[PDB]
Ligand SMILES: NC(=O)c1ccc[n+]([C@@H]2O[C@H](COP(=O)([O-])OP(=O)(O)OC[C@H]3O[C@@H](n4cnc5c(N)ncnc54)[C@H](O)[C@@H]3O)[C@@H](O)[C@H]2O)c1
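One chain comes next, on its own, written out as structure tokens in the form deposited without nicotinamide-adenine-dinucleotide.
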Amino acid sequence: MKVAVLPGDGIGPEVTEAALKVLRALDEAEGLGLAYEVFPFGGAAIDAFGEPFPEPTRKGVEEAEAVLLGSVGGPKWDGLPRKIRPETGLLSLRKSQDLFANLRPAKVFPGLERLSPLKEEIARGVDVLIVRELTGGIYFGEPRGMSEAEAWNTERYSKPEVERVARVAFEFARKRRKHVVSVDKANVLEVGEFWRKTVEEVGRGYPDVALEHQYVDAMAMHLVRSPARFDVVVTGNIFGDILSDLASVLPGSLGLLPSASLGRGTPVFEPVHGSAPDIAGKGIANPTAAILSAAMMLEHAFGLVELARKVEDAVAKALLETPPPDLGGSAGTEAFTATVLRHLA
């Protein structure tokens, strides 16, 4: 399994390293045949190649079978022209591999219900997966613009854009609890009706999966009032953005949230958290997101479901035994990772 490791900036490096200590342990123990290489990306890349996604890195991604990314961004590279800012490096990553679906899990691990803003009974059992469409939507729709008197943007979606993202959703519900909820606004917008219809059409190919539709505004409050009944949620670009962030507040911390951007090319797995530059190098960063992103990589990129689960349970044990500083504990990056490993052997 050839992995391209793009640590990035800030705490990216130390958390990505934490994940790597887990991968190697797993590798040594069962001979998975792991081969990974670290490439410059984001600010680290700018500081040497003048661009956030240099050619060596670009190739490293194409060659690998999966990408384990860390974090990007930092005040240093915030004065630079947009075309070379760390953030743009990520867009270039996505567009090169044509990643169109952004998987954003939200799971409340047993024992951690106390972290959620919801009462324990409601949080208990949450394990939703928001699948957002990245490439199209009002974020990219033409025409658009503004003058002194008015502004306008266009929410546009084509049949093929909606189909390929719907496929990823049905595909994942199958690995999960066979349930999919398509979120749209078919009661007012044409795009809503076109989205709903297209999802229903793709849905026929997965008779084993229960499909349901919901209006974005209705889904918003549903995710907060009873998120335990949802498995896979699939929606458009802008709606998925709102709903993903909404789902992320459920577990009770961003350090616990991993993610994956799937598409045509190399899968990209990376923690949701930012680069947190002022705590970088201090050794207190919570490696959970990165470790969990490694688990998603094992399962989804390498089909090692059983192995991905082990990592997931070890991490859960660790969170309870030695919670990191952001969970109210004292376990820095190293000590926390040690506890995880102490559950993988």
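Quick note: we count residues from 1 along the sequence shown, nothing fancier.
Just so it is clear, the following notes concern the form deposited with nicotinamide-adenine-dinucleotide bound, a form of the same protein that is not shown.
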Do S293 and nicotinamide-adenine-dinucleotide share at least one heavy atom pair within 4.5 Å in the deposited bound form? no
Contact of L254 with nicotinamide-adenine-dinucleotide in the deposited bound form (heavy atom, 4.5 Å): yes
Residue contact check: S71 to nicotinamide-adenine-dinucleotide in the deposited bound form, 4.5 Å heavy atom: yes
Could you tell me if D278 has a non-hydrogen atom within 4.5 Å of nicotinamide-adenine-dinucleotide in the deposited bound form? yes
Just one of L250, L129, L211, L90 has a heavy atom within 4.5 Å of nicotinamide-adenine-dinucleotide in the deposited bound form. Which one? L90
Per-stretch contact check against nicotinamide-adenine-dinucleotide in the deposited bound form, the hit in 46-54, 281-289, 30-38, 297-305 (non-hydrogen atom, 4.5 angstroms): 281-289
